Each structure stands twice: as C-alpha cells, then as structure tokens.
Amino acid sequence: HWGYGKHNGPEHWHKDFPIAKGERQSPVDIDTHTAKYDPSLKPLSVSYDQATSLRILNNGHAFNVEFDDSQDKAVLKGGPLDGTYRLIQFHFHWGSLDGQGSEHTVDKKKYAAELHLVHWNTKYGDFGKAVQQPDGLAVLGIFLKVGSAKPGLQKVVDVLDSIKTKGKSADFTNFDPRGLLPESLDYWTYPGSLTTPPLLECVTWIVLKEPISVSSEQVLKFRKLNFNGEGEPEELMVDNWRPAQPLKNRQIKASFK
Ligand SMILES: NCCCN(CCc1ccccc1)CC(=O)N(CCc1ccc(S(N)(=O)=O)cc1)Cc1ccco1
Ligand SMILES: [Zn+2]
C-alpha cells in the first residue's frame with residue numbers, strides 16, 4: 001500500500017489518509033531562533049532501568065525493537081507531559097546517504113537518521129486507545145550523525161542480517177535502550193502526529209537537541225535492509241523518512257536557554 005517510493009510515498013498518502021494535510025502533522029522543521037525557551041517546562045524523566053526488550057521486527061517500512069509494555073517498566077514522564085507514558089517500541093528513519101534521513105530538521109539541516117522511542121499514555125489503558133487521543137503518545141526523537149561508533153547501537157546493527165526482509169523477526173531480549181541516548185536531555189517540544197499512516201494527531205513530540213554519533217559502518221548496515229519480503233525483487237530500505245510538514249498554528253518550545 002503506502003510506502004516511500006515515487007508512486008506510493010509521502011506525497012500520495014493524503015489520498016488514503018486525508019489527515020496528512022491536517023493542522024498538527026509531523027515532522028516539522030525546528031527553527032532554533034523562533035523556538036522559545038519555556039521556563040515552565042520540567043526536566044525529562046527517562047526511566048528505562050527496568051526496560052524489557054522482546055523482539056526486533058522488519059515491518060516493511062523500518063525495523064522495530066519491541067518492549068513488554070504490560071507493566072510500568074520503562075516510562076517517560078516530566079518534561080511537557082502530564083502522567084506516565086510506557087515505552088512500547090523504538091525504530092529509526094534513515095537515508096540513502098549521510099546528508100538526509102531524519103524526519104525533523106533543525107534550521108533546515110537534515111541528519112543522517114532519527115531514532116523514535118514511542119511511548120503511550122497509561123491513562124488510556126492500551127496503545128490502540130491512546131492513538132485516538134490528542135495526548136495519547138509521547139515520542140522521544142533523537143538525531144543521528146555519522147562519526148564515531150555508538151557502542152550501545154552495535155547489538156541492534158548485528159542482528160539486522162537476520163531480519164533482512166519484511167515480516168522477519170528475531171528474539172531481541174535484554175537490550176538496554178539507555179545506550180542510545182546522548183548526554184544531555186535538553187529538548188524541543190510541540191504537538192504533532194504519527195509520521196507514518198495513519199498519521200494520527202496524537203503525539204507530544206520531544207526532540208533532543210544533542211545528536212548521537214554512529215559510525216558509517218553502523219548506518220551502512222541499516223541501508224542493507226529490504227522493504228520487500230523474502231523472494232521478492234530487492235528494494236533497499238533507505239529514505240524511509242517523511243519530509244517536514246507545515247507548522248500551522250503551533251509553537252515549538254525549548255527546555256533550555
Ligand atoms: N498488532 C499489530 C501491531 C500494530 N499496532 C497496533 C498496536 C495496538 C496496541 C493495542 C491495541 C491496538 C493496537 C499499530 C502500530 O503500531 N502502528 C504504527 C504506529 C506508529 C508509531 C510511531 C510512529 S512515529 N514514526 O511517529 O514515531 C508512527 C506510527 C500503526 C497504527 C495503527 C493505529 C495507530 O497506528
Ligand atoms: Zn518514527
């Protein structure tokens with residue numbers, strides 16, 4: 001159905017998902033000179049000590065590392081958020097070359113990739129209910145630039161050969177997502193949407209200012225994945241990012257001066 005090619009990519013999504021042209025779509029460009037410091041914003045609380053990763057899945061658009069979200073084990077709170085949001089999965093968006101790949105941009109700069117740690121508001125009971133609410137999800141976004149290797153990413157990189165094609169999964173227990181964070185939790189925040197269909201306007205976005213560095217070899221392995229299923233013509237999983245969407249009547253707030 002939808003995808004990232006010329007015939008089914010982001011410019012086509014509105015025909016099946018008319019919210020694609022909505023009032024709070026993501027991603028957006030973060031204009032750093034226009035984002036206002038909000039001293040009312042609290043420090044983020046990232047509590048991943050008890051995270052329970054389970055499985056890694058190639059879903060035909062990215063790969064997801066899935067977590068046990070049946071209890072409050074890995075949660076995001078504070079910052080702009082009211083209440084408690086449970087980690088359900090993380091995934092990335094990346095490019096065919098290092099000069100593109102991120103979904104959010106910073107003063108129009110594109111990073112090589114972007115990590116999304118996806119959390120749902122426990123007041124709605126399950127993820128499917130949460131996505132129907134304007135405050136249902138919180139996605140923590142982290143930019144990736146190419147330079148030195150990220151040691152905490154290597155366990156992900158090394159399993160990708162086992163999930164090359166759409167629909168393949170592999171056991172992925174005991175992975176610590178704290179190894180994917182940068183040092184600083186300074187962030188920008190704004191109300192937005194899922195960046196893939198169904199594009200629901202249910203996300204509080206929290207985008208960290210500090211990128212993580214990954215090595216060229218690490219991102220090259222991302223680019224060896226396939227959008228296609230096994231025994232189908234090979235289409236490399238690259239450029240699985242949606243471009244920036246109109247900001248409309250929204251303000252991006254900064255946690256830092
Ligand atoms: N059983 C198959 C799992 C598929 N799940 C169902 C999970 C579920 C849990 C409890 C109750 C019902 C369903 C749907 C799902 O995960 N999607 C991807 C969601 C998603 C998340 C982050 C981003 S992003 N890039 O913005 O971070 C973009 C999209 C599609 C979707 C559908 C509706 C909203 O989304
Ligand atoms: Zn995403």
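All residue numbers in this chain count up from 1 along the given sequence. Quick note: numbers below take in every heavy atom, side chains included, and nothing from hydrogens, waters or symmetry partners. Both counts, for ligands and for their atoms, begin at 1 and track the order of listing.
- In this structure, atom 34 (C) of ligand 1 has protein heavy atoms in its sub-4.0 angstrom surroundings.
- The heavy atom nearest to atom 23 (C) of ligand 1, considering only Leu194, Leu115, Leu137, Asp126, is found in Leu194.
- Of the protein's heavy atoms, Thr195 N, 3.0 Å lies nearest to atom 26 (O) of ligand 1.
- You'll find the side chain of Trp241 stays beyond 4.5 Å of the side chain of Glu114, heavy atoms only.
- Less than 4.0 angstrom separates atom 5 (N) of ligand 1 from none of the non-hydrogen atoms of the protein.
- Using a 4.0 Å cut-off between heavy atoms, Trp205 contacts ligand 1 through its side chain alone, with no backbone atom that close.
- For the residue pair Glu235/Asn228, the side-chain donor-acceptor check at 3.5 Å is not satisfied.
- We find that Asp68 and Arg86 are not joined by a salt bridge, their nearest charged nitrogen and carboxylate oxygen being 4.0 Å or further apart.
- For atom 22 (C) of ligand 1, the closest non-hydrogen atom on the protein side is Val118 CG2, 3.8 Å.
- Judged purely by atom type and a 3.5 angstrom limit, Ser215 has no side-chain atom pairing as donor or acceptor with the backbone of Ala149.
- No side-chain donor-acceptor contact under 3.5 Å links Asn240 and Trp94.
- Atom CG of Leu140 sits about 10.5 Å away from atom OH of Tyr187, to the nearest 0.5 Å.
- Between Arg178 and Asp49 there is a salt bridge, since at least one side-chain N of the basic residue sits less than 4.0 Å from a carboxylate O of the acidic one.
- Residue contact check: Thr196 has heavy atoms under 4.0 Å from atoms 28 (C), 29 (C) of ligand 1.
- Of the protein's non-hydrogen atoms, the one nearest atom 10 (C) of ligand 1 is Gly128 N, 3.3 Å.
- Within the 4.0 Å heavy-atom criterion, the part of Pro198 lying near ligand 1 is the side chain and not the backbone.
- Residue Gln89 holds the heavy atom nearest to atom 21 (C) of ligand 1 of all those in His93, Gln89, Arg242, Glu103.
- Crowding of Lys150 atom NZ: a count of heavy atoms from other residues, nucleotides or ligands under 6.0 Å exceeding 12.
- Checking atom 2 (C) of ligand 1 against the protein gives no heavy-atom contact under 4.0 Å.
- Side-chain atoms of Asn8 come within 3.5 Å of backbone N or O of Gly5 as a donor-acceptor pair.
- With the Zn ion (ligand 2) as the vertex, NE2 of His93 and ND1 of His116 span 100° to the nearest 10°.
- Shortest distance from the Zn ion (ligand 2) to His91 is reached at NE2 (N/O/S atoms only).
- Within a 4.0 Å radius of atom 18 (C) of ligand 1, the protein contributes no non-hydrogen atoms.
- For atom 9 (C) of ligand 1, the nearest non-hydrogen atom from the set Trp241, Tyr124, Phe127 belongs to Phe127.
- Note on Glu103 versus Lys110: no salt bridge recorded, every NZ/NE/NH1/NH2 to OD/OE distance being 4.0 Å or above.
- With a heavy-atom cut-off of 4.0 Å, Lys129 does not touch ligand 1 at all.
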